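**Q** This is start28.cif, which holds mmCIF, C-alpha atoms and all ligand atoms:
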data_data
#
loop_
_atom_site.label_atom_id
_atom_site.label_comp_id
_atom_site.auth_asym_id
_atom_site.auth_seq_id
_atom_site.Cartn_x
_atom_site.Cartn_y
_atom_site.Cartn_z
CA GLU B 1 2.02 -36.20 6.60
CA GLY B 2 2.02 -35.95 2.79
CA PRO B 3 1.61 -35.27 0.01
CA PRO B 4 0.94 -31.64 0.79
CA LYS B 5 -2.44 -30.12 0.15
CA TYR B 6 -0.97 -26.85 -1.09
CA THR B 7 1.28 -25.74 -3.89
CA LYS B 8 4.03 -23.08 -3.76
CA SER B 9 5.34 -21.07 -6.65
CA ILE B 10 8.26 -18.78 -5.88
CA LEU B 11 7.73 -15.26 -7.10
CA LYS B 12 10.88 -13.71 -5.59
CA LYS B 13 13.78 -15.77 -4.26
CA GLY B 14 14.78 -15.45 -0.67
CA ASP B 15 18.25 -15.67 0.77
CA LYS B 16 18.16 -19.48 0.46
CA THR B 17 19.98 -19.63 3.79
CA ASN B 18 17.73 -18.69 6.65
CA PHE B 19 14.73 -20.97 6.98
CA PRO B 20 12.15 -20.79 9.76
CA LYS B 21 11.98 -23.75 12.14
CA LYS B 22 9.06 -24.89 14.16
CA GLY B 23 8.73 -22.49 17.04
CA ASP B 24 10.37 -19.54 15.39
CA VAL B 25 8.43 -16.33 15.11
CA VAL B 26 8.04 -15.08 11.56
CA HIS B 27 6.89 -11.78 10.06
CA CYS B 28 4.99 -11.61 6.77
CA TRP B 29 3.22 -9.43 4.26
CA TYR B 30 0.32 -11.18 2.54
CA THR B 31 -2.56 -10.88 0.14
CA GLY B 32 -5.37 -13.42 0.07
CA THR B 33 -7.49 -14.00 -3.02
CA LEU B 34 -10.34 -16.32 -4.06
CA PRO B 35 -10.33 -18.39 -7.25
CA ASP B 36 -12.52 -15.77 -8.91
CA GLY B 37 -9.77 -13.23 -8.36
CA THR B 38 -11.41 -11.28 -5.58
CA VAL B 39 -9.09 -10.06 -2.83
CA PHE B 40 -10.47 -11.05 0.51
CA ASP B 41 -7.71 -9.68 2.75
CA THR B 42 -4.35 -7.98 2.69
CA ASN B 43 -2.04 -6.46 5.25
CA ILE B 44 -0.15 -4.52 2.66
CA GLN B 45 -0.78 -0.77 2.90
CA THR B 46 -1.59 1.24 -0.23
CA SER B 47 0.04 4.47 0.88
CA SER B 48 1.33 6.80 3.62
CA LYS B 49 1.26 3.95 6.08
CA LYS B 50 3.28 1.76 3.84
CA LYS B 51 6.16 2.19 6.21
CA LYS B 52 5.03 4.74 8.72
CA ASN B 53 3.07 2.47 10.95
CA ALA B 54 2.07 -0.80 9.30
CA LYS B 55 3.05 -3.97 11.05
CA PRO B 56 3.50 -7.35 9.38
CA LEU B 57 1.70 -10.40 10.56
CA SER B 58 3.52 -12.03 13.43
CA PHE B 59 3.20 -15.63 14.55
CA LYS B 60 5.05 -18.59 15.78
CA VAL B 61 5.41 -21.09 12.98
CA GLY B 62 4.68 -24.80 12.96
CA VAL B 63 2.41 -24.84 15.99
CA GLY B 64 -1.07 -24.38 14.56
CA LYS B 65 -1.43 -20.65 14.94
CA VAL B 66 -2.31 -20.37 11.24
CA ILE B 67 -3.97 -22.61 8.69
CA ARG B 68 -2.04 -25.74 7.80
CA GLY B 69 -1.02 -24.60 4.34
CA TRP B 70 0.67 -21.51 5.76
CA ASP B 71 2.38 -23.41 8.53
CA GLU B 72 3.85 -25.98 6.21
CA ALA B 73 4.68 -23.52 3.45
CA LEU B 74 6.56 -21.18 5.73
CA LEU B 75 8.90 -23.95 6.74
CA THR B 76 9.97 -24.24 3.09
CA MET B 77 10.64 -20.53 2.68
CA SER B 78 13.83 -18.56 3.18
CA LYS B 79 14.03 -15.00 4.43
CA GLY B 80 12.97 -12.47 1.88
CA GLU B 81 11.20 -15.02 -0.22
CA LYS B 82 7.94 -14.11 -1.88
CA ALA B 83 5.67 -16.96 -2.80
CA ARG B 84 2.29 -17.76 -4.22
CA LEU B 85 0.49 -20.42 -2.25
CA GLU B 86 -2.56 -22.25 -3.51
CA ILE B 87 -4.19 -24.06 -0.63
CA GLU B 88 -6.82 -26.72 -0.72
CA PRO B 89 -9.83 -26.28 1.62
CA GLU B 90 -8.70 -29.15 3.80
CA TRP B 91 -5.49 -27.30 4.67
CA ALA B 92 -7.33 -24.04 5.09
CA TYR B 93 -10.77 -23.62 6.68
CA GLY B 94 -12.15 -26.97 5.64
CA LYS B 95 -15.21 -27.95 3.81
CA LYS B 96 -17.34 -25.50 5.75
CA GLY B 97 -15.08 -22.52 5.05
CA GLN B 98 -15.27 -19.59 7.45
CA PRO B 99 -18.28 -17.54 6.44
CA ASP B 100 -18.00 -15.01 9.22
CA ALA B 101 -14.53 -14.28 7.91
CA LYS B 102 -15.62 -14.19 4.27
CA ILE B 103 -14.25 -17.55 3.31
CA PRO B 104 -16.71 -19.56 1.28
CA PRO B 105 -17.24 -23.26 1.75
CA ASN B 106 -15.04 -25.65 -0.10
CA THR B 107 -12.91 -23.15 -1.91
CA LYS B 108 -9.12 -23.03 -2.51
CA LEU B 109 -7.42 -19.99 -1.22
CA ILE B 110 -4.66 -18.17 -2.99
CA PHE B 111 -2.12 -16.23 -0.96
CA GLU B 112 0.93 -14.25 -1.94
CA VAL B 113 3.25 -14.33 1.03
CA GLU B 114 6.46 -12.47 1.78
CA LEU B 115 8.64 -13.67 4.60
CA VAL B 116 10.19 -10.50 5.96
CA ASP B 117 12.04 -11.72 8.99
CA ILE B 118 12.62 -14.59 11.41
CA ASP B 119 13.36 -14.16 15.12
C1 LIG M 1 -7.55 -8.60 11.07
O1 LIG M 1 -6.78 -9.63 10.50
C2 LIG M 1 -6.66 -10.83 11.22
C3 LIG M 1 -6.31 -11.92 10.23
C4 LIG M 1 -7.43 -12.37 9.29
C5 LIG M 1 -8.44 -13.24 9.99
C6 LIG M 1 -9.42 -13.81 8.99
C7 LIG M 1 -8.69 -14.54 7.88
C8 LIG M 1 -9.63 -15.15 6.87
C9 LIG M 1 -7.63 -13.65 7.24
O2 LIG M 1 -8.22 -12.63 6.46
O3 LIG M 1 -6.83 -13.12 8.26
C10 LIG M 1 -6.71 -14.44 6.35
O4 LIG M 1 -6.34 -13.90 5.39
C11 LIG M 1 -6.23 -15.76 6.68
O5 LIG M 1 -6.87 -16.69 6.37
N1 LIG M 1 -5.09 -15.88 7.33
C12 LIG M 1 -4.34 -14.75 7.78
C13 LIG M 1 -2.85 -14.84 7.58
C14 LIG M 1 -2.27 -16.18 7.92
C15 LIG M 1 -3.10 -17.26 7.30
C16 LIG M 1 -4.57 -17.20 7.67
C17 LIG M 1 -4.77 -17.62 9.09
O6 LIG M 1 -4.41 -18.68 9.50
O7 LIG M 1 -5.44 -16.71 9.96
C18 LIG M 1 -5.65 -17.13 11.30
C19 LIG M 1 -6.98 -17.85 11.43
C20 LIG M 1 -8.12 -16.92 11.08
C21 LIG M 1 -7.21 -18.48 12.78
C22 LIG M 1 -6.37 -19.69 13.11
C23 LIG M 1 -6.49 -20.78 12.08
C24 LIG M 1 -5.65 -21.97 12.48
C25 LIG M 1 -6.13 -22.50 13.79
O8 LIG M 1 -5.42 -23.67 14.10
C26 LIG M 1 -5.92 -21.43 14.83
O9 LIG M 1 -6.34 -21.92 16.06
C27 LIG M 1 -5.53 -21.47 17.11
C28 LIG M 1 -6.76 -20.24 14.46
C29 LIG M 1 -5.61 -15.82 12.06
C30 LIG M 1 -4.21 -15.36 12.37
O10 LIG M 1 -3.37 -15.37 11.54
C31 LIG M 1 -3.92 -14.89 13.76
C32 LIG M 1 -2.61 -14.13 13.72
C33 LIG M 1 -3.77 -16.07 14.66
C34 LIG M 1 -4.63 -16.36 15.62
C35 LIG M 1 -5.85 -15.55 15.81
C36 LIG M 1 -4.46 -17.56 16.48
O11 LIG M 1 -3.21 -18.14 16.26
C37 LIG M 1 -4.60 -17.12 17.93
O12 LIG M 1 -4.97 -18.16 18.78
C38 LIG M 1 -3.94 -19.03 18.92
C39 LIG M 1 -3.32 -16.53 18.39
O13 LIG M 1 -2.49 -17.18 18.91
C40 LIG M 1 -3.09 -15.09 18.15
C41 LIG M 1 -1.63 -14.80 17.93
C42 LIG M 1 -3.61 -14.29 19.32
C43 LIG M 1 -3.64 -12.81 19.06
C44 LIG M 1 -4.14 -12.15 20.34
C45 LIG M 1 -4.54 -12.57 17.88
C46 LIG M 1 -4.24 -11.80 16.86
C47 LIG M 1 -5.12 -11.70 15.72
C48 LIG M 1 -4.82 -11.14 14.56
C49 LIG M 1 -5.79 -11.14 13.48
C50 LIG M 1 -5.58 -10.75 12.24
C51 LIG M 1 -4.26 -10.24 11.84
#
What do you get writing this file as structure tokens?
Ligand SMILES: CO[C@H]1C[C@@H]2CC[C@@H](C)[C@@](O)(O2)C(=O)C(=O)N2CCCC[C@H]2C(=O)O[C@H]([C@H](C)C[C@@H]2CC[C@@H](O)[C@H](OC)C2)CC(=O)[C@H](C)/C=C(\C)[C@@H](O)[C@@H](OC)C(=O)[C@H](C)C[C@H](C)/C=C/C=C/C=C/1C

**A**
Amino acid sequence: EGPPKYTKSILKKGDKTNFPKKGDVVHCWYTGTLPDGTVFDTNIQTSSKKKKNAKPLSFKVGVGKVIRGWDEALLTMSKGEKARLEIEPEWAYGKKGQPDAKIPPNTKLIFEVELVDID
């Protein structure tokens, strides 16, 4: 189980009342960055689609739909919370990384994650 192979720093507090449980479906805005500061992915729209059509990432939590660091971190977050996650390679894409997805081998990944809603 532990200790966790990720760290969480809370950037914006959530409601501190509604926490996702394993099997809940969550919705999030995220930005993913490498240790060098390069943004590798984001689902946050720059403009004119900021609200018009953009859809947040949707997944069922705690069941291995996402990398381990996200799955465990989400369980610690409350609705509306914005957090910075630093995730070791072992709880991300492993030692090999995911080159076809732009993730280099053996690199920590930094995500800013906002938990919008829980179903
Ligand atoms: C264009 O953007 C991509 C997301 C990209 C992919 C490449 C990575 C770098 C990245 O840039 O995201 C990224 O930033 C990243 O690493 N992410 C994304 C955000 C959550 C954390 C992490 C992740 O785990 O991605 C995930 C990672 C890449 C793959 C998983 C890693 C954990 C492993 O255990 C899983 O095995 C199952 C596979 C991708 C996802 O977040 C999507 C949502 C989830 C899946 C594809 C799987 O759960 C899949 O098979 C179960 C499903 O059940 C889904 C719902 C089926 C439906 C049809 C697919 C929808 C696909 C949406 C794809 C999206 C939005």

**Q** Taking only C-alpha atoms and all ligand atoms into account, list the residues no farther than 6 Å from ligand LIG 1 (chain M), as a PDB file with C-alpha atoms, in the frame of the given file.

**A**
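Okay, this is what ended up in part-v6.pdb:
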ATOM      1  CA  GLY B  32      -5.370 -13.420   0.070  1.00  0.00           C
ATOM      2  CA  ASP B  41      -7.710  -9.680   2.750  1.00  0.00           C
ATOM      3  CA  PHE B  59       3.200 -15.630  14.550  1.00  0.00           C
ATOM      4  CA  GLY B  64      -1.070 -24.380  14.560  1.00  0.00           C
ATOM      5  CA  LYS B  65      -1.430 -20.650  14.940  1.00  0.00           C
ATOM      6  CA  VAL B  66      -2.310 -20.370  11.240  1.00  0.00           C
ATOM      7  CA  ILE B  67      -3.970 -22.610   8.690  1.00  0.00           C
ATOM      8  CA  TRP B  70       0.670 -21.510   5.760  1.00  0.00           C
ATOM      9  CA  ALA B 101     -14.530 -14.280   7.910  1.00  0.00           C
TER      10      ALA B 101
END

**Q** What are the closest atom pairs, with distances in Å to one decimal, for all residues of stretch 9-106 of chain B lying within 8 Å of stretch 110-115 of chain B? Consider only C-alpha atoms, order rows by chain and residue number, and present the result as CSV.

**A**
residue,atom,partner,partner_atom,distance
B:26,CA,B:115,CA,7.1
B:27,CA,B:115,CA,6.0
B:28,CA,B:115,CA,4.7
B:29,CA,B:114,CA,5.1
B:30,CA,B:113,CA,4.6
B:31,CA,B:112,CA,5.3
B:32,CA,B:111,CA,4.4
B:33,CA,B:110,CA,5.0
B:34,CA,B:110,CA,6.1
B:35,CA,B:110,CA,7.1
B:74,CA,B:115,CA,7.9
B:77,CA,B:115,CA,7.4
B:78,CA,B:115,CA,7.3
B:79,CA,B:115,CA,5.6
B:80,CA,B:115,CA,5.3
B:81,CA,B:115,CA,5.6
B:82,CA,B:114,CA,4.3
B:83,CA,B:113,CA,5.2
B:84,CA,B:112,CA,4.4
B:85,CA,B:111,CA,5.1
B:86,CA,B:110,CA,4.6
B:87,CA,B:110,CA,6.4

**Q** Between B:108, B:16, B:50, B:21, which has the minimum distance to residue B:62 (counting only C-alpha atoms)?

**A** B:21

**Q** Measuring atom to atom with all atoms listed in the file, identify which of B:76, B:90, B:107, B:48 is nearest to residue B:13.

**A**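 Smallest separation from residue B:13 among the options: B:76.
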
**Q** Once you count only C-alpha atoms, which residues end up no further than 12 Å from (4.0, -4.1, 8.1) in the file's frame, shown as a ChimeraX atom specification?

**A** /B:27-30,42-47,49-58,114-117

**Q** Mind dumping the selected residues with C-alpha atoms as a short mmCIF file (atom, residue, chain, number, x, y, z; two decimals), in the coordinates of the input?

**A**
data_model
loop_
_atom_site.label_atom_id
_atom_site.label_comp_id
_atom_site.auth_asym_id
_atom_site.auth_seq_id
_atom_site.Cartn_x
_atom_site.Cartn_y
_atom_site.Cartn_z
CA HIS B 27 6.89 -11.78 10.06
CA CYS B 28 4.99 -11.61 6.77
CA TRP B 29 3.22 -9.43 4.26
CA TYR B 30 0.32 -11.18 2.54
CA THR B 42 -4.35 -7.98 2.69
CA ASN B 43 -2.04 -6.46 5.25
CA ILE B 44 -0.15 -4.52 2.66
CA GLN B 45 -0.78 -0.77 2.90
CA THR B 46 -1.59 1.24 -0.23
CA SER B 47 0.04 4.47 0.88
CA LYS B 49 1.26 3.95 6.08
CA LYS B 50 3.28 1.76 3.84
CA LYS B 51 6.16 2.19 6.21
CA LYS B 52 5.03 4.74 8.72
CA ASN B 53 3.07 2.47 10.95
CA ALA B 54 2.07 -0.80 9.30
CA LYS B 55 3.05 -3.97 11.05
CA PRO B 56 3.50 -7.35 9.38
CA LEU B 57 1.70 -10.40 10.56
CA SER B 58 3.52 -12.03 13.43
CA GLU B 114 6.46 -12.47 1.78
CA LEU B 115 8.64 -13.67 4.60
CA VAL B 116 10.19 -10.50 5.96
CA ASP B 117 12.04 -11.72 8.99
#

**Q** N, CA and C atoms are needed for stretch 69-92 of chain B; please write them out as a PDB file, keeping the file's coordinate frame.

**A**
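The resulting file, part.pdb, is shown below:
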ATOM      1  N   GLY B  69      -1.750 -24.939   5.525  1.00  0.00           N
ATOM      2  CA  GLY B  69      -1.020 -24.600   4.340  1.00  0.00           C
ATOM      3  C   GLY B  69       0.015 -23.528   4.590  1.00  0.00           C
ATOM      4  N   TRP B  70      -0.300 -22.502   5.378  1.00  0.00           N
ATOM      5  CA  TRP B  70       0.670 -21.510   5.760  1.00  0.00           C
ATOM      6  C   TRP B  70       1.776 -22.093   6.653  1.00  0.00           C
ATOM      7  N   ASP B  71       1.398 -22.865   7.641  1.00  0.00           N
ATOM      8  CA  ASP B  71       2.380 -23.410   8.530  1.00  0.00           C
ATOM      9  C   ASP B  71       3.385 -24.302   7.787  1.00  0.00           C
ATOM     10  N   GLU B  72       2.923 -25.198   6.954  1.00  0.00           N
ATOM     11  CA  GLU B  72       3.850 -25.980   6.210  1.00  0.00           C
ATOM     12  C   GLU B  72       4.648 -25.187   5.159  1.00  0.00           C
ATOM     13  N   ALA B  73       4.002 -24.274   4.461  1.00  0.00           N
ATOM     14  CA  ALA B  73       4.680 -23.520   3.450  1.00  0.00           C
ATOM     15  C   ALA B  73       5.807 -22.692   4.014  1.00  0.00           C
ATOM     16  N   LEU B  74       5.585 -22.073   5.150  1.00  0.00           N
ATOM     17  CA  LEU B  74       6.560 -21.180   5.730  1.00  0.00           C
ATOM     18  C   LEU B  74       7.868 -21.895   6.037  1.00  0.00           C
ATOM     19  N   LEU B  75       7.754 -23.135   6.435  1.00  0.00           N
ATOM     20  CA  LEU B  75       8.900 -23.950   6.740  1.00  0.00           C
ATOM     21  C   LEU B  75       9.789 -24.213   5.515  1.00  0.00           C
ATOM     22  N   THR B  76       9.244 -24.053   4.324  1.00  0.00           N
ATOM     23  CA  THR B  76       9.970 -24.240   3.090  1.00  0.00           C
ATOM     24  C   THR B  76      10.554 -22.941   2.546  1.00  0.00           C
ATOM     25  N   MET B  77      10.216 -21.828   3.159  1.00  0.00           N
ATOM     26  CA  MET B  77      10.640 -20.530   2.680  1.00  0.00           C
ATOM     27  C   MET B  77      11.876 -19.996   3.382  1.00  0.00           C
ATOM     28  N   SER B  78      12.669 -19.225   2.657  1.00  0.00           N
ATOM     29  CA  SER B  78      13.830 -18.560   3.180  1.00  0.00           C
ATOM     30  C   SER B  78      13.565 -17.042   3.305  1.00  0.00           C
ATOM     31  N   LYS B  79      14.302 -16.387   4.163  1.00  0.00           N
ATOM     32  CA  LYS B  79      14.030 -15.000   4.430  1.00  0.00           C
ATOM     33  C   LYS B  79      14.092 -14.158   3.180  1.00  0.00           C
ATOM     34  N   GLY B  80      13.096 -13.330   3.021  1.00  0.00           N
ATOM     35  CA  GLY B  80      12.970 -12.470   1.880  1.00  0.00           C
ATOM     36  C   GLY B  80      12.223 -13.072   0.712  1.00  0.00           C
ATOM     37  N   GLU B  81      11.939 -14.355   0.808  1.00  0.00           N
ATOM     38  CA  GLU B  81      11.200 -15.020  -0.220  1.00  0.00           C
ATOM     39  C   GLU B  81       9.753 -14.530  -0.348  1.00  0.00           C
ATOM     40  N   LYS B  82       9.312 -14.416  -1.578  1.00  0.00           N
ATOM     41  CA  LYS B  82       7.940 -14.110  -1.880  1.00  0.00           C
ATOM     42  C   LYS B  82       7.358 -15.249  -2.680  1.00  0.00           C
ATOM     43  N   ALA B  83       6.263 -15.790  -2.204  1.00  0.00           N
ATOM     44  CA  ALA B  83       5.670 -16.960  -2.800  1.00  0.00           C
ATOM     45  C   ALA B  83       4.165 -16.902  -2.951  1.00  0.00           C
ATOM     46  N   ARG B  84       3.686 -17.581  -3.965  1.00  0.00           N
ATOM     47  CA  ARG B  84       2.290 -17.760  -4.220  1.00  0.00           C
ATOM     48  C   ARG B  84       1.910 -19.130  -3.723  1.00  0.00           C
ATOM     49  N   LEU B  85       1.003 -19.172  -2.779  1.00  0.00           N
ATOM     50  CA  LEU B  85       0.490 -20.420  -2.250  1.00  0.00           C
ATOM     51  C   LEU B  85      -0.949 -20.666  -2.684  1.00  0.00           C
ATOM     52  N   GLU B  86      -1.220 -21.833  -3.227  1.00  0.00           N
ATOM     53  CA  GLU B  86      -2.560 -22.250  -3.510  1.00  0.00           C
ATOM     54  C   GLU B  86      -2.873 -23.368  -2.526  1.00  0.00           C
ATOM     55  N   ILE B  87      -3.875 -23.164  -1.712  1.00  0.00           N
ATOM     56  CA  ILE B  87      -4.190 -24.060  -0.630  1.00  0.00           C
ATOM     57  C   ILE B  87      -5.569 -24.701  -0.733  1.00  0.00           C
ATOM     58  N   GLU B  88      -5.632 -26.018  -0.671  1.00  0.00           N
ATOM     59  CA  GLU B  88      -6.820 -26.720  -0.720  1.00  0.00           C
ATOM     60  C   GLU B  88      -7.689 -26.352   0.564  1.00  0.00           C
ATOM     61  N   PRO B  89      -8.974 -26.584   0.493  1.00  0.00           N
ATOM     62  CA  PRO B  89      -9.830 -26.280   1.620  1.00  0.00           C
ATOM     63  C   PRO B  89      -9.445 -27.084   2.838  1.00  0.00           C
ATOM     64  N   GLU B  90      -9.039 -28.323   2.668  1.00  0.00           N
ATOM     65  CA  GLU B  90      -8.700 -29.150   3.800  1.00  0.00           C
ATOM     66  C   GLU B  90      -7.529 -28.625   4.628  1.00  0.00           C
ATOM     67  N   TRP B  91      -6.620 -27.912   3.997  1.00  0.00           N
ATOM     68  CA  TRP B  91      -5.490 -27.300   4.670  1.00  0.00           C
ATOM     69  C   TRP B  91      -5.694 -25.804   4.935  1.00  0.00           C
ATOM     70  N   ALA B  92      -6.923 -25.387   4.811  1.00  0.00           N
ATOM     71  CA  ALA B  92      -7.330 -24.040   5.090  1.00  0.00           C
ATOM     72  C   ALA B  92      -8.459 -24.064   6.128  1.00  0.00           C
TER      73      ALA B  92
END
